[PDB]
Each structure stands twice: as structure tokens, then as C-alpha cells.
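Inside the fold
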Amino acid sequence: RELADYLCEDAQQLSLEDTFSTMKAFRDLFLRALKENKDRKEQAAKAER
Amino acid sequence: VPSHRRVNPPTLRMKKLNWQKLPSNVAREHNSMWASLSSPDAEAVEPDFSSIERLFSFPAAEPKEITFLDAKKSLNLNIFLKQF
Amino acid sequence: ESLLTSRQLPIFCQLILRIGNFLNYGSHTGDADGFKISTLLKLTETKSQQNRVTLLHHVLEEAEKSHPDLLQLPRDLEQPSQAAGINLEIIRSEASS
Amino acid sequence: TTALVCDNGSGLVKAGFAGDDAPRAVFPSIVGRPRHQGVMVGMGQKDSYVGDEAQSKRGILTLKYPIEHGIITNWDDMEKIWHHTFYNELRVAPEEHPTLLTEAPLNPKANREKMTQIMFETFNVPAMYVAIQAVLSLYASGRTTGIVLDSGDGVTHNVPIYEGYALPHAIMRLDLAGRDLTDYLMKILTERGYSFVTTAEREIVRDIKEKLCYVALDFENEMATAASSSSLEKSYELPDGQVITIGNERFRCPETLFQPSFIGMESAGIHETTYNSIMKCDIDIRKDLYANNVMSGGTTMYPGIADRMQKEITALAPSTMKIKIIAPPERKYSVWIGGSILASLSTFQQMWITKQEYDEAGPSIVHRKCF
Amino acid sequence: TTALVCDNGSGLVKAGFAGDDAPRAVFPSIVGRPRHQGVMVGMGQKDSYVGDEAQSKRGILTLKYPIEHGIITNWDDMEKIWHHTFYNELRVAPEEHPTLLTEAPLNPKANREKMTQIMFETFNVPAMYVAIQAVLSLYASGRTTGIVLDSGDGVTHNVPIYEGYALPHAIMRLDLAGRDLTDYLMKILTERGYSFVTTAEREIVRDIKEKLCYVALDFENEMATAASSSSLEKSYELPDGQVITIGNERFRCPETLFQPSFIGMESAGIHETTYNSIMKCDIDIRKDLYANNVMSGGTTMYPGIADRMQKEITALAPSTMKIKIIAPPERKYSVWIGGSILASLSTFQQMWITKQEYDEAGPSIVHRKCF
Amino acid sequence: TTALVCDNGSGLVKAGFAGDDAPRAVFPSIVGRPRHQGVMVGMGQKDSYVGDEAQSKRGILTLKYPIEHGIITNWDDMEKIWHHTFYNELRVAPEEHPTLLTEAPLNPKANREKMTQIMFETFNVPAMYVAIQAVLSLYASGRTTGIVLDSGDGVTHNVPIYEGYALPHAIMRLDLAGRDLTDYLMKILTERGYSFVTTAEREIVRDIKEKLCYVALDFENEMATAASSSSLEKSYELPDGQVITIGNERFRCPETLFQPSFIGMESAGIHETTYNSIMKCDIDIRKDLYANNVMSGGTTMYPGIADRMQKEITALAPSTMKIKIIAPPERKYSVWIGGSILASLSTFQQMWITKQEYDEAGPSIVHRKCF
Ligand SMILES: Nc1ncnc2c1ncn2[C@@H]1O[C@H](COP(=O)(O)OP(=O)(O)O)[C@@H](O)[C@H]1O
Ligand SMILES: Nc1ncnc2c1ncn2[C@@H]1O[C@H](COP(=O)(O)OP(=O)(O)O)[C@@H](O)[C@H]1O
Ligand SMILES: Nc1ncnc2c1ncn2[C@@H]1O[C@H](COP(=O)(O)OP(=O)(O)O)[C@@H](O)[C@H]1O
Ligand SMILES: [Mg+2]
Ligand SMILES: [Mg+2]
Ligand SMILES: [Mg+2]
């Protein structure tokens, strides 16, 4: 109920499972974005070399 | 204090990030995260709008080694020759 | 408890809200006081002109220089990631039975 | 005495008594034979495991499905299946109890001939009947009119009935159901690296399909969501302790029912099958068939199939008539339940196939008595 | 200037030159589009095979028939069929030769409208004529009076003509011919287990129907002979080498012509259609229509249809008047032969539909010029 | 610019230019690392030996195969394999040469993702393509239609093609080829007393299998002949000077292709895979798959395999139709040869995956541009 009021969702329609799945996908996209940025910077440095 | 809404308009046409917008009265709850962001003492990050406007806007409208052979037979001859 | 007491997640939500308020000006979606949880999934939709850099990659590229504490953000979201896929109803029914 | 209902479907055999609300003996229809070398002598090493024992011991077995697309290919295996469901699971004497059987329409006749001959000469009942599954589903629904789509594990068939009259020319059979979905899920699970090649792994892929898969309301938007983010991915635990995670294959697997070209079949989807079954009937009854689309079978256990079915039929039908999908929560066993309705009716008691009729007419009375 | 005669029937396009006795180009009217994935680059992979090439490569193709029950459903496919029969088969310029056309009676008018529009705006001839097929069959029969039952692949129609006068109110149409027989034959072959579901397999069932099926002289006695002894059973060789055997299905397939309730139609048989077509005429002219039952079409190519037709009409008609069936051996091409007779006639030259008449009158002169 | 063909199979990398007859660099794909303590200092002791140097110096090395059943497990080893086959074998710059790689069907997609990403970002090309090996074998055979059985060192896969059209639902994969034959021969040479346990001894058992083994025409008669008299026994000389003599293991070892239950696999043999791949297709092409059984790969190089597989398919197929195995004398390198015709084809030049398209579309174009 506190997280339903926190994320401004309907309390009778919030499920914790899709909330945590959205956070799981957001963390996976976060790590994939960091990995792609690191690979892009490494390949740009290798191309400049 | 509406610090999040105090953003300058952009010069160029921007690619629309689609989202499901909340109602305002739902966002002004007591336990709301956006209510804690609406306090001016919270930590705010100033974005660099110049690079976002730069990138995510819409776009607008010699004879060294001469040979008489072809390259396939010449490279086959190079493989044949360089093993000697 | 980690979602309710996260420090960097409201920082990132105000950052994406300011970027969207820049980015969706002149439309019905602009001038928003808040948005749903599914906005973070669609961040790879906004591509650059070269179709190489998404908006998430550029936000973390800017966050690597100016505000590195946003890179502490998977630590707060590790326990939601571990908690995902757990059905509360079946374990509560098993405990009640 | 009290009659028996034995839905001997392609995937799961559901047997039980008449006048009951739930099928007492539900177990899958497989025959498991050992393929490795037995070294420990004694302790009763059976050469053929049938039913739940084949399921529990499947790591050392070759599992054979005796029914393929509603057609019994192996008859000794189905004799073993009938022996297990009569003597071991239900624990009944078949010579003093009538037994109702279920069959898909547009079946080869010699299959019905051999079922009649075996059930009167090996499992010799006092009486029996062979019934269309869609009529039993409509009798389970408690209504007289409607069109029934029934999709088991081998056969997806559409039968429309108006006021107790079934139109035979509008009955449409499609050989695409849950076993083809399981084989297509085997084919698409190799993209993620998970190799499932054995017959034992077919049950694991079937359990993945039962527990995690769902019918998408819009397929292209769900592909766009799966390509964008990994939010709808879900994890499953294998019996060796390995944890897999699947994404778009949750809804690409049941989409073969709506798009049969995934597995190479030229035929149209089940919504087009339903619509062509409606349009082959008379014009005066179609309004009754639009509002009473009854679904049955375990292939309609995906929790997104009714809204997709209503959306596709509402796109197909004219908009001035109501589309309503009758999807009860117990439509998995409804083929059993309406049989338990039909075996307990007083008006059914003269419609039995007695032993005297079989003895005077050979195994040919099933073509003239059953529909 | 030699005219062209192009019978664009439902079954097979039969085109050729006027004054000849046999048509030069007989080829089936299908359009075949590939459905699987092409991997081999180059060598002219056409996206649509038309005619004989679609027949000879049908194992990788979806085949579409442009005509359904005498009505052209798909028009781009018919444009491809007309381009194939003009440019590839006869190899003639259409703009220098007239081209006769054939049409079933009780057709919706927009088919004739779009026929006129395409033949004067895409395949623009100096002249054309659209004719009733039964009138052409009577012209090839060489007699002025008679009633013609013409049964193609989509339309079975009865037209009586007395002394060159065709009575319009007695003309009858029934939407039951050879494609519906092929559909019913695919339905009843599933009793013996041979599942023919694809569009390619429809041609195999059509070849089975052309080679093996026949009209029974009595139907219940042939049930007695077929059920008693296996003397009538015939084997057929499939293109994969498998050999099938069919029994009573040889004569159950054409009896849909004499009993339309097999495929769920309320209408009466073709003999009752002929008797009601004769009885709707005047009482004076019924005697000549009894003695001149001319028949045409490929559906009249079963080797038992004339004696059954004579038996049913002689049972229906009063016995004092003579019943005779006129069945020439070349009645398959008799529509083309009658078109070649009518095209070469000197009195037909003022009856042409010219380019100038079309330009002054729109595509509406075909209703007032033709019958 | 000339193109490169590089069949990077499980066992032997076969690489060369386009338009050439024979693959110039044929060498096995192994990475060898030392496992003992080196006491001498100086004169260039390398930490990793790739190719023929690992074969010559194998008595002090652990050899690792980077590819297992067509799926690359170790990627730094495969990077070194590609580095050796570009820089040291062909002596070419990959930045100025297009490259056609081969791939087995039903491969995991992330394997193709990593092939595209490493091939475009370590050895960055102007263009590169990933093809199916069976399509290249049909290119080498010089015919358009046929079923191709390819059997390399890790994957035996069956793909049927008719008139340029591969049927994707009929493609079958079996993870049984020459490496599993080598491991089974290591298992069964222990019966005669010869012990082989190391990775270097796998090469000696592979040389025994390449030099002495042959496919029996009839297995039971050959077992009876080898048990009766020692006429089938043959001798071989080891590098330590010991002379071995083997009997039934000459034809028990390739029999695992026809009997996969020798190594504990549930799946059927290659003849049943070929027959089921033909029977999964549409019917009208099946005759053209019987006369064009194209074989490829080094596993089908035993001098008894064509007559045996002809016997097995002729037992399996209907007898009214010809079976013809297309077994060329150069079927070891036929994947490379058909890659050389496809690389030299004029129409193939639009189907390259250019570097610009890779930069625009990420590493995702290889799912949609390739097969
Ligand atoms: N909860 C579920 N979710 C999705 N699919 C299911 C579920 N339960 C069963 N199924 C599928 O439906 C089939 C059961 O339908 P049913 O008509 O009982 O088959 P049968 O009677 O032929 O054994 C099974 O083969 C299974 O693949
Ligand atoms: N020898 C035959 N025996 C039986 N049926 C035939 C024979 N030849 C053709 N048919 C059937 O008759 C049809 C051809 O009739 P046709 O007069 O060409 O019809 P249409 O011209 O309207 O297409 C074919 O579809 C075929 O099924
Ligand atoms: N002459 C031969 N006789 C029998 N087997 C052979 C012969 N030559 C090669 N082989 C076997 O076939 C394989 C070669 O097939 P190939 O397609 O080149 O494998 P890869 O391409 O994966 O290295 C080798 O692993 C070897 O075991
Ligand atoms: Mg069922
Ligand atoms: Mg005709
Ligand atoms: Mg290979």
C-alpha cells in the first residue's frame, strides 16, 4: 500500500510482480547500456589508434 | 516548487518519447515520490540540453605494384611464393 | 523497503522528467507532474540520427561525467531484480494451508 | 448401474463416473519403454510404464503417444491405456458398467471400427456410445444453441449446433493443437540455446507451455515489446536445477493456432475456421451462433485467448451482431462433464449400443447409431 | 480475319482459332504463388506461376481459382490468365483479331461489365461477343431446337431453345458442379484416411475424379454391390509413389449432382431441374425438348451420366413421349466448337460489339446487344 | 574484388578465394596449449599453437576444439582460429575482402550474433555473409532441386530444396558426426587392448578412422564375416612404432550414423532422418527428392556409404520409383566449392551485409538478412 501511494498507482490494481519485473528489465537495460557504451568507447579508441 | 517543469522550449523538432502520463492529482499524494521531488531541498541533476538537442533532434533534408595477371592468380602465386 | 528508501531513483526520475519536458514540448504529453513505471522500458525507442545511440546510453554517458552516483543505481534495484518472478499468492496460500 | 465417461484424448485421458462434477482419474496418455541397459536384477523391472509412473520415471524411458491427430496409430498401446484407466486408476469392472467415449469429427472410419471391436471384445461393456466432443461441450455449457471450438492435443474442430441440430457440412477439422505447439516450442527454444531432443524433454517443454505461455491480444505490439525490453520474460526451473528464461516464445507458441504458416501448414487460423463454419450455415441462425461461441479443451487454457478470439471474430463478423465468447473456468474437463450430463439423462438410455446389436450387426452399428 | 474463340470457363480455358474443329490451347485456369522461402539466388524465380507451369510445379505453390461458381472473384488473376492465353499460348496480337467470349446465365451484371471494360481497355480487340454457353452447345449440336444442360466446374444450368427462340423464364441455374464434387470427394476420402487438405492436393483429387469416378445407374444397388463384394474397388498412384484404393467413393461423388443434400443444399437434382425447366415452357413445345436433351461440359464426361439422365427423365416425364439424350463424344469442347461455328458465320458480322459502339455507349451496350 | 570462402566447421577449417577449384587452406581447428614445465629458455616458446603446428607438436600439448556441434563455446580460441586462417594461412587482409561463412541450421541465435559482432569489429570487413551449408552443397552439385545430407565433424543436417525453395519445417538437425564417431572409436579400441585417453591420441584415432574405416553394406553379415575369419582385419602403424590390427571396429565405428543408440542417443539414423525430411514436404516434389540425394561433408567419405544409404532409402521409399544418390568424388570440399560459385555469382552481390547496414541496424540484421 505504501509503494502504491509512492509510485502513484491505484492501490486496488497494483501488483508487486509486474512492478519488480519492470525494475528487473530496467536494471538489465541499465547494464546493457553501460556495456554497449563501454564497447563503443573501446572500439572508438581502437579506431582512432 | 515546480523545478521539473521549468524547462526552456527547444529550437528543433524532437523525437517524441511516448509514455503513459499520470494525472496531476494522483501525483500530489502525501506518500508520493513526486511529492518528495517537489520539495526544493531534494537533489536535482541539471541535464546538458545542448547535446540532447544536438543528437536526438530530427534530421533535415595509383600504380605502386603493376601486374598483368588478375588478383586471384596473383595472390595464389603469393601463397605459392612466400612458403619458399 | 529499497524502493521506498531509494535516493538515486527519484534523482533519475526527475532527470528523465526534465529531459522529457524538454523533449515533448508542444504536445499533450508535456508539462507532466509524473508518469507510470513503464516509461523506463521505452527508453531505447528514442534513437539518434545515426541509429546507434539511444537516449538511455546518452543519459548514462552524461551521468559518467557529471553525476556518477547514478551508477550506484543497480545496487538499489538489485533486490527488486531478485524479488521479480516471485508469486506472493502461491506462497501465502501454502503458508496458510 | 452408474455409467462411466472416458475422454480418451490425444494428450490426457480423463475418466470418471456419471453423475459427478469432476473427472476422478486424469492422467496423460503415454507408454514408456526403457531404452538403457538394466543391471540390477530383481525388484520388478517392468518393460512398459503407463501413465503417471511413466511421467515420474521418464529419465530412463522412451515415451510414445499412441494417438496422433485424433487417430489411434498404435492399438496395443491404447489397449494398455484402457487397461490402466479401467483396472488401475478408476478400479472398476468394465463388464458391468456402461462407458461413454469421445471422438473428433471427420475421423477415418476404421479407427471407429477398431474401437468398437476392441471395446466389445477385450473390454466387453454391457453398452457404450461414441460421441462428438463438441456436442458434449455444448451439453456441459447448459445451452442448446452455439458453435463449439474444441482444441485438445491433436484435433482442433469447429461444430455449430442450433436447437439441438448439428449442421454436418459446416463441421471443420484442423490438425493443429497442443502437440504441434509443443514441437514448435522445441523448434524455437533452440534459439536461446536450450536443446530439447528426447521424448522425456517433450514433457518439460509441455510443462513450460502449460505454466508460462499465454495468448497475446495483439501479436505485433507484443513482438515490439519483447524486442524493446525484457519485462515480460519469465524464468522456469528445470529438474536438474538449471534456471531458464524465455521471452517472446511465451506468445509465439500459441500464435500457431491463429497463424498455421509457422509450422508450414497452408490452412487458415482457428478464427477463420470458426467464421467459415458460421458462414456455411443458414443465414437465420448465425446471430445465435455469434453470441454463443463456446470454447473447450486444454489448448484454451491460455489466459489471453478469449479476448483475442472476440477481437478476431468481431473483426470478421458484421458489427450489428453481438460477439460473446462462452469460456467457463472448467472448460478443460467440460468434454467429460457434459458426458456426465449426457450419461445420466433418462432420454439417453434407449440410445445405448448394446451387445446384442453388435453381435447381430458386426462392428457396423456404430456408423448407423452414432452421429 | 480469323476470329479467336476463348471459352473462359470455370474449369479449363479453351482457346483457339475460328473455323477449326479442335481448340489449340486447353489449359487450366489457376494462379500459383510460392509460399515457402527461396534460397537459391537467380535463375528466374517468378512470383506467380500461371497455367501449365503452375500445374507442373504445384508442390511449392498456393493455387487460386479466379472463378468461383461462374463469377470471377479475383480480377488481377483473370488479367494474368487472359495475358497467358493471348500472349503465351496462341502467340497472337489481340488488337488485330476478334475474340468471342462465353458466359453462364443468371450471372451478376458487374461480371459482364468488367469483362467489357477489360476486353476494351486492356486487351482491346476490334470486336467481341459474349454468348450463352448453352446456345453455343446447341449450335455445335447442329440442331435448331433442344434443351441444353451445361455443367462446368462452377455452374450447372438448363436452357431450352425452340426454333432459335430461347425462353428466358424457364432458364435455371444451380451452383453445383465439378469443384463442389472435388470438395465433397476430399471430404469423403478422409473416411479412408487419405487427408487431402492443400490446394495442390485438390488437383490430385481432381485427377482421381477425372480418371476413376463414374455415375451409377442405380444408387442403392451399387451400395449393395459395393458393400457386399470388393469388385468395384480401384487403385490409384499418387505422385510420391503411394497407392490408394477407393471403393464406393467412385459413385458417391457424382450423386451430389442427383442429390444436392449430400453437401447440404435444399435444391433438387439436375434431373428435377431439367424436368421443371421443361414443364415451365408451353405445352406445345415440350415434345421436342423431350427428344433433344443435349448435354455439354466436362462434368458430363463421366461414363454413366446419359443412361441415368434418361432413366430419371423417363421416370419423371409421361411415358407416351419419346426421351432421347444427345451426348456427342466431343461435348467437352462443344462450347468452343459452337463458338467457332458462330464466329465463322456470315450473319454474325453485324452482331459484333465494336470499339466505336463501346466508346459511344460506355460498357453498357453488352446488356442490350447480347441476350 | 575477389571474395573469401571459409567453411569454419567443427573439425576442419577450409578457406580459400572465390572462383578457385580446391580450398587452399585446409587445416584442423584446434588450439594447443602446453601442459608440462619448460626448462629451456630462449628460441621462441609460444604459449599457444594453432593449426598444423599444434598437429606436429601434439605430444606436449592439450588441444581444445573451439567448436562443439556447430556452436562456438570458447570465443577467444575461435578469434585465434580466425586470426590464423586470415593472417597466417591465406596471408590476406580481411579489411579489403568479402567473406562467406558457413553455418548449420537450428543454431542458437546468440552464436550468430557473436559471429557477426566479432567478424565486424575485430576482423572488420567491407561485407560478410552467413550461409547454410546444404545450400552450398546443392550449388556444388550443379542442380536446383534435391535433398542434402551434410555431415561435418559436429552436425549432420538434412535440408530439402525444390526449384530454389527450401522447406524450413522439413529441416532436421542431428548432433552426431565424426567427432562422436572418433569418441566411440576411442571407446571401442579399448576392447582390443589399445588405450587412448589424451587429446593428442584423439588425432591418432581420427587418422585410424580416416585411413581404415568403411561403411558396411550389411551390418550383421559383416559382423558374422569378421567373427568367422580374419580377412577384414587391417593393420596400421602408430608414431611410436607399434603396429595395431583392427577388425570389426572398421565398420562398427561408422555404423553409429545409421544406429545412434550405440552412443546412447534416442534419435533415429540418417536414413530415417532423410526419409522423414522427404515425407514432411509436400507430396508432388517427393519424387524429385528421391532421385537427387546429394551427399556432402567428410563423414560421408567412407567407400561404402552410397550403396548402403541407397539400400536403406530404397527399403524405406515406395518401390515404384527410382532412388539415386548423388555422391561426387570431391564431396569433402563441396561446401567450399559451392561457396566459391555463390561468391562468384553476379546476383549475389546485392545480398551482402555491408558495414554501413551493420552500423545502422546493430548486430540484428543477420536474423533478417540471412536465412
Ligand atoms: N494450464 C494450461 N495452460 C496451457 N495449456 C494447457 C494447460 N493445461 C493443459 N494444457 C494443454 O492442453 C492439453 C490438454 O487438453 P485435453 O483436451 O485434456 O488433451 P487430451 O484430452 O487430448 O489429453 C495438454 O496437451 C496441454 O498441452
Ligand atoms: N474425362 C473426365 N471425366 C470426368 N470429369 C472430367 C473429365 N474431364 C474434365 N472433367 C471435369 O470437368 C471439369 C471441366 O469442365 P469444363 O466444361 O472445362 O468446365 P469449365 O469450362 O466451366 O471450367 C474439370 O474441372 C474436371 O473436374
Ligand atoms: N577420407 C576420409 N574418410 C573418412 N572420414 C574422413 C575422411 N576425411 C575426413 N574425414 C572425417 O570427416 C571430418 C571432415 O569433415 P569436414 O566437413 O571437413 O569437418 P569440419 O569442416 O568440421 O572440419 C573430419 O573430422 C574427419 O573425422
Ligand atoms: Mg479432448
Ligand atoms: Mg465450362
Ligand atoms: Mg562442414
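Residues numbered from 1 in each chain as written, not as in the entry; some residues may be left out. Chains lettered and ligands numbered in written order. Part of a larger assembly, values for the part shown. Heavy atoms only, no water.

Per the PDB record, the structure was determined using cryo-EM to 3.03 Å resolution.

Examining the nonpolar core
Here is a general trend for soluble globular proteins: nonpolar side chains tend to be buried in one another's company. Note the cut-off: Definition of nonpolar core: a set of buried residues of the types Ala, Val, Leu, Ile, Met, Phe, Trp, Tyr and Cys, connected through side-chain atoms within 4.5 Å. In this scheme, a residue with accessible area under 20% of its type's maximum is buried, one over 50% is exposed, and one in between is partly exposed, where area comes from a 1.4 Å probe on protein chains only. In what follows, a contact means two residues having at least one pair of non-hydrogen atoms within 4.5 Å.
Grouped together as the largest cluster of nonpolar side chains are 57 residues, with contacts concentrated most on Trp82 and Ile161 of chain F. If sequence neighbours within four positions are ignored, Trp82 of chain F has contacts with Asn8, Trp75, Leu101, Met115, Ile118 and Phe123 of chain F. Membership of the second largest hydrophobic core comes to 50 residues, among which are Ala54, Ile60 and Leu63 of chain E together with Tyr290 of chain F.

A few points about the interface of chain F and chain D
Just so we agree on the cut-off: By buried area we mean how much accessible surface two parts lose on assembly, using a 1.4 Å probe and totalling the loss over both. The term salt bridge refers to a side-chain nitrogen of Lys or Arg lying within 4 Å of a carboxyl oxygen of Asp or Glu. We define a polar contact as two N or O atoms separated by no more than 3.5 Å, with the added condition that, inside protein, one atom must be a possible hydrogen donor and the other a possible acceptor, whereas residues neighbouring each other in sequence contribute only through side-chain atom pairs.
The partner chain D presents 13 residues to the ten residues of chain F that form the contact. Together, the buried faces of chain F and chain D total about 770 Å²; carbon and sulfur atoms form 51% of this surface. A per-residue breakdown of the area chain F buries against chain D is headed by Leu106, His169 and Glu266 of chain F, which together make up 58% of the total. The interface formed by chain F and chain D holds zero salt bridges in total. One can count four residue pairs in polar contact joining chain F with chain D.

Some points on the sheet that holds strand 6 (residues 49-50) of chain E
Residue and element names in this part refer to chain E. This is how it is decided: In short, DSSP must find at least two bridges between two strands for them to pair. Under the DSSP-based scheme used, a helix requires at least four consecutive residues in state H or I and a strand at least two consecutive residues in state E, with every element numbered from the N terminus. Simply put, an axis is a line fit to the C-alpha atoms, just over the touching stretch for a helix, and the angle between two N-to-C directions goes from 0 to 180 degrees.
Spatially, three strands are ordered 6-4-7 in an open sheet, and the strand pairing comes out antiparallel. In this open sheet, the two edge strands, each paired with only one partner strand, are strand 6 and strand 7 (61-64). Here four bridges tie strand 4 (residues 31-34) to strand 7, and the two strands are oriented antiparallel to one another. By the bridge assignment, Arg33 is partnered in strand 7 with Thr62. The sheet strands contacting helix 2 (residues 75-90) are strand 4, strand 6 and strand 7, and the helix crosses strand 4 at an angle near 115°.

Notes on the relation of the copies chain F and chain D
Here is the rule: The atoms used to superpose the copies are the C-alpha atoms, and the fit is by least squares.
Between chain F and chain D, the superposition needs a rotation of 166° and an axial shift of 28 Å, giving an RMSD of 0.3 Å. Comparing interface residues between copies, only 10% of those in chain F also lie at the interface in chain D; the contact surfaces differ.

Considerations on the site of ligand 1
All names here are of chain D. Filter applied, for reference: Put simply, a residue is near a molecule or strand once any heavy atom of it comes within 4 Å of that molecule or strand. Per-residue and other accessible areas follow the Shrake-Rupley method at a 1.4 Å probe size, with only the shown protein chains counted as cover for residues.
Neighbouring ligand 1 are 15 residues, the closest being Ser10, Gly11, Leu12, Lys14 and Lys209. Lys14 is positioned such that a nitrogen or oxygen atom in its side chain is 2.6 Å from an oxygen atom of ligand 1. Between ligand 1 and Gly298 there is a distance of 3.2 Å, counted from an oxygen atom to a backbone nitrogen or oxygen. If ligand 1 stood free it would expose 570 Å²; the protein chains cover 90% of that surface. Residue assignment for the shell around ligand 1 shows that the elements contributing at least two residues are strand 2 (12-17) and helix 6 (199-211).

Observations concerning the arrangement of the chains
In this assembly, eleven pairs of chains are in contact, and the pair contributing the most contacts is chains B and C. For chain B and chain E, which are not in contact, the least C-alpha distance works out to 24 Å. Note that chain C does not reach chain E: the shortest distance linking a C-alpha of one to a C-alpha of the other is 29 Å.

Digging into the domain arrangement of chain D
All names here are of chain D. Going by this rule: Domain boundaries shown here were taken from an automatic or database domain assignment. The classification used treats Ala, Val, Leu, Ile, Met, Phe, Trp, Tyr, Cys and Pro as nonpolar, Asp, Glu, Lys and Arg as charged, and all other residues, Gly among them, as polar.
Segmentation of chain D into domains returns domain 1 (1-27 + 70-134 + 334-370), domain 2 (28-69), domain 3 (135-181 + 271-333) and domain 4 (182-270). Summed over both sides, the interface of domain 1 with domain 2 buries roughly 1400 Å², with 58% coming from carbon and sulfur. Taken as a group, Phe27, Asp77 and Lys80 account for 33% of the area that domain 1 buries against domain 2, more than any other trio of residues on that side. Our count for the contact surface shared by domain 1 and domain 2 stands at one salt bridge. Counting the contacts that link domain 1 with domain 2 gives seven residue pairs in polar contact. Mapped onto the side of domain 1 that touches domain 2, the elements with two or more residues apiece are strand 2, strand 8 (71-72) and helix 2 (75-89). Broken down by element, the residue count for the side of domain 1 that touches domain 2 peaks at six residues, all from helix 2. Considering only residue class, the side of domain 1 that touches domain 2 consists of seven nonpolar, eight polar and three charged.

Points about the packing of aromatic side chains
Which entries qualify depends on this criterion: Each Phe, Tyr or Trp ring, with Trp reduced to its six-membered ring, pairs with another whose centre is within 6.5 Å; inter-plane angles below 30 degrees give stacked pairs, above 60 give edge-to-face pairs, and intermediate values give tilted ones. Cation placement over rings: the criterion is NZ of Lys or CZ of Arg within 6 Å of the ring centroid and within 35° of the ring normal.
Applying the stated rule across the entire model yields 31 aromatic pairs over all chains. Between the aromatic rings of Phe219 of chain E and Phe251 of chain E, the centroid separation amounts to 5.9 Å while the plane-to-plane angle is 85°, which identifies the pairing as edge-to-face. Taken as a pair, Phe219 of chain E in helix 7 (residues 219-228) and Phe251 of chain E in helix 8 (residues 249-252) lie far apart in primary sequence, 32 residues in all. Like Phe251 of chain E, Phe219 of chain E is buried. Clustering of aromatic rings is evident, with ring pairs tying together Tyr184, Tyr214, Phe219, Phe251 and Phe262 of chain D. Looking at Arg308 of chain F, its charged tip hangs above the ring of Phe258 of chain F, at a distance of 4.7 Å from the centre.

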